[PDB]
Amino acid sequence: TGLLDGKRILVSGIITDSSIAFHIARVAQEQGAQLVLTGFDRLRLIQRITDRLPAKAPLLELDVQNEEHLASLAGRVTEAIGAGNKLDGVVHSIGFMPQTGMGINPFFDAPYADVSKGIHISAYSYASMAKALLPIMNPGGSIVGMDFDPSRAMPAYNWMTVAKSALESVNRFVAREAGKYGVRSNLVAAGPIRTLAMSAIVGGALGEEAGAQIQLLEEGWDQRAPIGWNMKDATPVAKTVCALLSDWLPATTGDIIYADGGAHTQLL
């Protein structure tokens, strides 16, 4: 008797067992969901990671910049879940911005080709995934994407923050389209999580200044959060995504739920 019993859910964005999508997939399976997973480029490496999940799940290739992958996606998902079956949930947990657009590089020095690639993968692809999958979604369905509150500028995140601002706007338009199918579309704005890349930057991969900037940003988050914030723990974020995938927020769409310890509601 789990929160997502009988639900068929697609989960994108697993690359390591530290990926937010790995924790979303794990919690959904613990809650009785039947998953279809999508991975990018390193499929053999992703399969070894997905073997660590509590249950077996088919793994499909999906490069969001690849038009052929998007055009064939619904058919490939239908084959994996069986003809006559449709999805109840879709999780977009995909984000990318080259090092020229986030980190140490000055905001003004990011070339447009890099920013454009980052926006394609991080924001436009939320619309691409909804376009491909809405024709195979059941009424009462739910599409969830991952966000990082971009309402105020911050050091280092730079063009990734710009990509999140675009993503929030894209989510509002996706909700208009999804509504026609009786499907909700929402974003979960998470606090900072120490995923593979974040641990490296903290360790000094981008130098002394970038490491210090991320450290000050994270410490401030746990300080502002009335219930605190654990950057090593994606479980509260995964649970929030599962709450939106469930039947328990049936009147919320085109919206943003903050799984950030309440940090964004406090100044100091």
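One rule holds for the numbers: they count along the sequence shown, beginning at 1.
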**OP:** Could you tell me whether residue 207 lacks coordinates in at least a third of the other compared entries whose models cover its neighbours on both sides?
**Re:** yes
Original post:
Relative to the other compared entries, is residue 197 without coordinates in a third or more of them?
Top reply: yes
Original post:
Per the PDB record, is the mean Cα temperature factor higher over 180-188 or over 68-76?
Top reply: 68-76
Original post:
Out of 238-246 and 45-53, which stretch has the higher average CA B-factor listed in the record?
Top reply: 45-53
Original post:
Of the choices 166, 197, 134, 121, which one's C-alpha carries the largest B-factor in the record?
Top reply: 197
**OP:** Check the PDB entry and point out which of 225, 62, 28, 216 has the largest C-alpha temperature factor.
**Re:** 216
Original post:
Split the chain's modelled residues into thirds by Cα B-factor; is residue 268 in the lowest, middle or highest one?
Top reply: highest
**OP:** Pull the Cα B-factor of residue 82 out of the PDB entry and bin it into the chain's lowest, middle or highest third.
**Re:** highest
Subject >> residue 105 - Cα temperature factor, lowest/middle/highest third of chain >> reply: highest
Original post:
Compared with the other modelled residues in the chain, in which third is the CA B-factor of residue 171?
Top reply: lowest
Original post:
Once the chain's modelled residues are ordered by C-alpha B factor and cut into thirds, is residue 99 in the lowest, middle or highest one?
Top reply: highest
